[PDB]
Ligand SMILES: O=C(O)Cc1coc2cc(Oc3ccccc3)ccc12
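One chain is shown next in structure tokens, namely the form deposited without the ligand.
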């Protein structure tokens, strides 16, 4: 059962005001099948959380390019419009698989070919919701001294530690990972 150092580690400087459950990810990290494993785990942690506990997921630029920046703004657009589950795979496929995403217009087209209206994308993109969310994603990663993706944090205090878990089959991993998030959203 649960101890500091094993299933989770404790941030030396806790973050006040952090989301209750904060996951970080990048579109530029991992083989497509690896990216999709991470999505499965994230969706299963969501599923097994206690009613009322929300999961927040933030994007990370990784190499500092303008493509990375526009994708982080495009992620804030997905959060703003509640279309995360419609665009996550298309987006990474756009970057990773079909490699179609090269400019911000190409990102916008992923949203469109996924049934988001061009006029809707533009409004969110330019919105204050999205400016605030872009700032929040940048700030939160600096606040936890982020050392890589994927990563999950609970209450700005505890970081999930997949090392201290049985990663020798996904279903056991997922249950352990998910049970630990509950112990921490209670702690």
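Numbering follows the first chain given and starts at 1.
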Out of 13-21 and 163-171, which stretch has the higher average CA B-factor listed in the record? 163-171
For the C-alpha atoms alone, is the average B factor greater in 24-32 or in 53-61, going by the entry? 53-61
What third of the chain, by the recorded C-alpha B-factor, contains residue 74? lowest
Of the three thirds of the chain ranked by Cα temperature factor, residue 130 occupies the middle
Would you mind checking where the Cα B-factor of residue 67 ranks among the modelled residues of its chain, as the lowest, middle or highest third? middle
Cα B factor band for residue 44 (lowest, middle or highest third within the chain): highest
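The same protein also has a form deposited with the ligand bound, omitted here; what follows describes it.
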Heavy atom of residue 10 within 4.5 Å of the ligand in the bound PDB entry: no
Could you tell me if residue 35 has a non-hydrogen atom within 4.5 Å of the ligand in the bound PDB entry? yes
Tell me, yes or no, whether residue 175 is in contact with the ligand in the bound PDB entry, where a contact means a heavy atom of each within 4.5 Å. no
Does any heavy atom of residue 31 come within 4.5 Å of a heavy atom of the ligand in the bound PDB entry? yes
Suppose contact means any heavy atom within 4.5 Å; which members of 129-151 contact the ligand in the bound PDB entry? 150
